[PDB]
Asker: 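Submitted below is the structure of interest, expressed as structure tokens.
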Amino acid sequence: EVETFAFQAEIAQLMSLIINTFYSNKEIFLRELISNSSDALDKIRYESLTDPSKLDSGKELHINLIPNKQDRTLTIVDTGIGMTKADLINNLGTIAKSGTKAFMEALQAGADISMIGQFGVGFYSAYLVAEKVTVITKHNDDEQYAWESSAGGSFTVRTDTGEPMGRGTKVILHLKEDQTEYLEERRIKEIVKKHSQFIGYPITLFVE
Ligand SMILES: O=C(c1ccc(O)cc1O)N1CC[C@@H](C(F)(F)F)n2nccc21
């Protein structure tokens, strides 16, 4: 049922760096996750230009931000391309190893953590706020999977039997105790307006 994988060493490093570096500007996590979502939506969109049936799994290309104060989760759902199991395991569809190298090298050359998205590993910025991240994902012609990590060197992948989502990715941020501001409507609004105001898909901030 549940497979446990080791993060590649460089991703493990990246993540402990994100977890362990003092860095107050934690809100960038959301930009980075919306941006990922945006990229996956682009991707399904691009694909659907030559195969519109790729959108049978849901035509609406959107990003939903779903704070849940009870579960202490902020969930970002996109109806993007989704990820195959292979993508999930392979750093959620990124070139995370090399990107981490470039990111480490950028940090050495003056960069700050907010630039994480330039190096294609801004997903891991989730770990600025989330003690655990769960990624539910559904790519066409592949099953729904849940990926999960609380960092510490390993993630899990399992075939997800919960809510079918049609297509896309849902990133569930199990927020750190002290990062509950990211569940506040106005805060989320503020960050989305600050950092994601031009994202080309509708972003719906769900209310509680
Ligand atoms: O499914 C995702 C996805 C991943 C993380 C996230 O936070 C939200 C997402 O929708 N993908 C799809 C695979 C990959 C690709 F599209 F570039 F190939 N990619 N790149 C950024 C986002 C994603």
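Because only heavy atoms are used, hydrogens play no part in the values below, and waters and symmetry mates are left out as well, while side chains stay in. Position 1 is the first residue of the sequence, and the numbers go up from there.
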Asker: Under the criterion side chain to side chain contact (heavy atoms under 4.5 Å, CB included), I'd like the reasoning laid out for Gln179 against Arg72: C-alpha separation, chi angles, the key distance, then a yes or no.
Answerer: CA-CA 9 Å; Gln179 300 298 334; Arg72 197 160 100 227; over 6 Å; no
Asker: Restricting to non-hydrogen atoms, name the atom on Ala106 and the atom on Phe119 that form the minimum distance, rounded to 0.1 Å.
Answerer: CB-CZ, 3.2 Å
Asker: Hey, could you give me the CZ/CG distance between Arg167 and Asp56, rounded to the nearest 0.5 Å?
Answerer: 9.0 Å
Asker: How would you list, by chain and number, every residue that makes a side-chain hydrogen bond (donor to acceptor under 3.5 Å, both in side chains) with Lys54, sequence neighbours excluded?
Answerer: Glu47
Asker: Apply the test side-chain hydrogen bond (donor to acceptor under 3.5 Å, both in side chains) to residues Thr84 and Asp87: give CA-CA distance (whole Å), side-chain angles for both, the deciding distance (0.1 Å), then the verdict.
Answerer: CA-CA 5 Å; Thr84 62; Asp87 292 319; 2.9 Å; yes
Asker: Do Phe29 and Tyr127 make the cut of ring centroids closer than 6.0 angstrom?
Answerer: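 No - the distance between ring centres of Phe29 and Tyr127 does not fall below the 6.0 Å cut-off.
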Asker: Judged by modelled atom types alone, do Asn91 and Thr94 share a side-chain donor-acceptor pair under 3.5 Å?
Answerer: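 No, no side-chain donor-acceptor contact under 3.5 Å.
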Asker: Give, for atom CD of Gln118 and atom CZ of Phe103, the distance between the pair rounded to the nearest 0.5 Å.
Answerer: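 It is 9.5 Å, given to the nearest 0.5 Å.
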Asker: Strictly distance-based, threshold 3.5 Å: is any side-chain N or O of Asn68 a donor or acceptor partner for the main-chain N or O of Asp71?
Answerer: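 Looks like yes, one N/O pair under 3.5 Å.
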Asker: Find the distance between CD1 (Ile76) and CG (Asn36) and round it off to the nearest 0.5 Å.
Answerer: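 With rounding to 0.5 Å, CD1 (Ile76) is 10.0 Å from CG (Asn36).
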Asker: Test side chain to side chain contact (heavy atoms under 4.5 Å, CB included) on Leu41 and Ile63; report intermediate values, then the result.
Answerer: CA-CA 9 Å; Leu41 289 154; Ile63 302 165; 3.6 Å; yes
Asker: Does a side chain donor of either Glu60 or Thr79 reach within less than 3.5 Å of an acceptor in the other side chain?
Answerer: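 No, no side-chain donor-acceptor pair sits under 3.5 Å.
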Asker: Using every non-hydrogen atom in the two residues, find where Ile34 and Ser196 come nearest and quote the distance to one decimal.
Answerer: CD1-OG, 3.6 Å
Asker: Can any side-chain N or O of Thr21 pair as donor or acceptor with the backbone N or O of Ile18 at less than 3.5 Å?
Answerer: no
Asker: Between the side chains of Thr204 and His62, does any donor sit under 3.5 Å from an acceptor?
Answerer: no
Asker: Assess the side chains of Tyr201 and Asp78: does a donor N or O sit below 3.5 Å from an acceptor N or O?
Answerer: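 There is no such pair between these side chains.
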Asker: Applying salt bridge (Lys or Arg N to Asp or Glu O under 4.0 Å), name anything that partners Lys26, two or more places apart in sequence or on another chain.
Answerer: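 Per chain and number, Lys26 pairs via salt bridge (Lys or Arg N to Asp or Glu O under 4.0 Å) with no residue.
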Asker: Tell me if the centroids of the rings in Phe5 and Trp147 come within less than 6.0 Å of each other.
Answerer: no
Asker: Considering non-hydrogen atoms only, spot the tightest contact between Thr100 and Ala96 and give its length.
Answerer: OG1-O, 2.7 Å
Asker: Can you name the closest pair of heavy atoms from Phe123 and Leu33 and give their distance?
Answerer: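 Here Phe123 and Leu33 meet closest at CD1-CD2, 3.7 Å.
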Asker: Mind checking the CD1-CG spacing from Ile188 to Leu205? Nearest 0.5 Å is all I need.
Answerer: 5.0 Å
Asker: Could you go through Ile44 and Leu55, starting from their C-alpha distance and side-chain angles, then the distance that decides it, and tell me whether this counts as side chain to side chain contact (heavy atoms under 4.5 Å, CB included)?
Answerer: CA-CA 8 Å; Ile44 188 61; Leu55 296 184; 3.6 Å; yes
Asker: Looking only at non-hydrogen atoms, find the nearest pair between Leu183 and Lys69 and report the distance.
Answerer: O-CE, 3.5 Å
Asker: If I take atom NZ from residue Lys43 and atom OG from residue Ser38, how far apart are they, to the nearest 0.5 angstrom?
Answerer: 13.0 Å
Asker: Write down the atom of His139, the atom of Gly82, and the distance for their closest heavy-atom approach.
Answerer: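 The pair with the smallest heavy-atom distance is CD2-O, 3.3 Å.
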Asker: Does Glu27 have any salt bridge (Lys or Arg N to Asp or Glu O under 4.0 Å) partners at least two apart in sequence or in another chain, and if so, which?
Answerer: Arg187, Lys194
Asker: Taking atom CG as the centre, does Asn25 end up with more than 12 heavy-atom neighbours from other residues, nucleotides or ligands that are less than 6.0 angstrom away?
Answerer: yes
Asker: Examine the side chains of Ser57 and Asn140 and answer whether a donor and an acceptor come within less than 3.5 Å of each other.
Answerer: yes
Asker: From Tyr145 OH over to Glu3 CD, what is the distance, rounded to the nearest 0.5 angstrom?
Answerer: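 Answer for the OH-CD pair, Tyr145 versus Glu3, is 9.0 Å.
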Asker: Would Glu148 and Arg158 satisfy salt bridge (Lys or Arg N to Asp or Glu O under 4.0 Å), going step by step from the backbone distance to the final call?
Answerer: CA-CA 9 Å; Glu148 192 157 60; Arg158 71 195 79 197; 3.6 Å; yes
Asker: After noting the C-alpha distance and the side-chain angles of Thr169 and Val135, does the key distance pass the side chain to side chain contact (heavy atoms under 4.5 Å, CB included) rule?
Answerer: CA-CA 7 Å; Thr169 293; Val135 178; 3.6 Å; yes
